[PDB]
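Data block below; observations after.
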Amino acid sequence: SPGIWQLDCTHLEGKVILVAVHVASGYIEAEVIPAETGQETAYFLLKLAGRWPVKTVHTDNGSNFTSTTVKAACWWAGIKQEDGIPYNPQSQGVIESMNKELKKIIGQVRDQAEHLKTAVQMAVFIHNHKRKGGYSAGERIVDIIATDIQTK
């Protein structure tokens with residue numbers, strides 16, 4: 001699954017945090033937006049796809065799945081837009097745990113940052129660099145993709 005991502009939208013401080021998770025590694029990208037709209041989601045996906053080789057995005061909700069603006073960005077960037085239905089139920093729990101983790105890190109840094117957007121990027125950094133078990137998510141994503149490029 002080198003190219004499979006899942007969108008996730010969580011809320012803090014009356015603001016919206018939009019997250020893209022690379023499912024196979026746990027690596028994330030995130031941004032703060034005032035509200036989840038098709039236009040914001042579309043722009044976020046265009047940024048993501050310019051940075052990583054995004055084949056498929058599991059959308060976070062039916063509004064973003066339906067959105068013509070999101071569909072246009074997915075067309076532009078060559079992304080297969082999919083639903084995010086948890087046919088495997090462990091998905092909903094894993095995303096929930098990651099949201100809890102991110103909010104925990106935001107709290108741990110929140111006071112080093114005036115603006116939530118700074119705290120969120122600090123949380124992204126800490127999440128992606130954290131060693132588990134021990135590789136980080138940042139190491140895993142690069143390994144997965146590099147192996148894909150060489151295999152094919």
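The chain is numbered in sequence order, starting from 1. In what follows, every heavy atom counts, from backbone to side chain, and hydrogens, waters and symmetry copies are set aside.
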Walk me through whether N61 and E36 qualify under side-chain hydrogen bond (donor to acceptor under 3.5 Å, both in side chains). CA-CA 11 Å; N61 60 49; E36 191 180 33; 3.1 Å; yes

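- Listed by first then second residue, pairs satisfying ring-ring contact (aromatic ring centres under 6.0 Å, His included) with a partner in residues 60-80 number zero, not counting sequence neighbours.
- Put simply, CG on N99 and CD1 on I17 are 8.0 Å apart, with the number rounded to the nearest 0.5 Å.
- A137 and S25 make their closest contact through CB-O, 3.6 Å (heavy atoms, listed as atom of the first residue, atom of the second, distance).
- A donor-acceptor contact shorter than 3.5 Å is absent between the side chain of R140 and the backbone of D143.
- A tilted orientation is assigned to the rings of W52 and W5, their planes being inclined by 30° to 60°.
- Residues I144 and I149 are members of separate hydrophobic clusters, defined by side-chain heavy-atom contacts under 4.5 angstrom among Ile, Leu, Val, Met, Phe, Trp and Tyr.
- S67 places no side-chain N or O within donor-acceptor distance of the main-chain N or O of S63, the cut-off being under 3.5 Å.
- In this structure a side-chain-to-backbone donor-acceptor pair under 3.5 Å is present from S91 to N88.
- In plain terms, the two heavy atoms of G134 and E139 that are nearest each other are O-OE1, 4.4 Å.
- The shortest side-chain heavy-atom distance between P86 and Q92 falls under the 4.5 Å cut-off.
- Within the structure, the salt bridge (charged side-chain N to carboxylate O under 4.0 Å, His left out) test picks out no pair touching residues 112-128 (sequence neighbours left out).
- In this structure, a donor-acceptor pair under 3.5 Å is absent between the side chains of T118 and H115.
- How far CD of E101 is from CD1 of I106: 9.5 Å, rounded to the nearest 0.5 Å.
- Proximity of a side-chain donor or acceptor of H127 to a complementary backbone N or O of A123 within less than 3.5 Å is not detected.
- Here the side chains of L116 and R110 are in contact, with some heavy-atom distance below 4.5 Å.
- Of the possible donor and acceptor atoms, none in the side chain of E82 sits under 3.5 Å from a partner among the backbone N and O of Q6.
- Atoms OG and NZ, from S136 and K130 in turn, are 12.0 Å apart once rounded to the nearest 0.5 Å.
- Judged purely by atom type and a 3.5 angstrom limit, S1 has no side-chain atom pairing as donor or acceptor with the backbone of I4.
- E29 and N128 are not linked by any side-chain donor-acceptor pair at a separation below 3.5 angstrom, with hydrogens and angles left out of the test.
- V32 and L102 fall within a single hydrophobic cluster, where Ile, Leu, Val, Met, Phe, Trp and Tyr side chains are chained together by heavy-atom contacts under 4.5 Å.
- Between the CD1 atom of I28 and the CG atom of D8 there is a distance of 8.5 Å, given to the nearest 0.5 Å.
- Residues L48 and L46 do not share a hydrophobic cluster, defined by chaining ILVMFWY side chains whose heavy atoms lie under 4.5 Å apart.
- Linking ILVMFWY side-chain heavy atoms closer than 4.5 Å, directly or via other members, places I141 and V54 in a single hydrophobic cluster.
- Around atom CD of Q108, more than 12 heavy atoms belonging to other residues, nucleotides or ligands sit under 6.0 Å away.
- Taking the side chain as every heavy atom from C-beta outward, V19 and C9 never approach each other to under 4.5 Å.
- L45 and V124 fall into different hydrophobic clusters, where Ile, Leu, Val, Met, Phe, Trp and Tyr are joined by side-chain heavy atoms under 4.5 Å apart, directly or via other members.
- Residues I105 and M122 are not in side-chain contact: their nearest non-hydrogen atoms beyond the backbone lie 4.5 Å or more apart.
- When side chains are defined from C-beta on, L7 counts as touching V57, because their heavy atoms get closer than 4.5 Å.
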Could you please spell out the steps behind the side-chain contact (heavy atoms from CB on, under 4.5 Å) verdict for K103 and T10? CA-CA 9 Å; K103 289 178 179 177; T10 193; 3.2 Å; yes

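- Using a distance-only test at 3.5 Å, with no hydrogens or angles considered, no donor-acceptor pair links the side chain of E40 to the main chain of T37.
- Within the 4.5 Å cutoff, the side chain of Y43 has no heavy atoms near those of the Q39 side chain.
- Distance alone, capped at 3.5 Å, places no donor-acceptor pair between the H22 side chain and the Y27 backbone.
- Of all heavy-atom pairs spanning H58 and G84, the tightest one is CB-CA, 4.1 Å.
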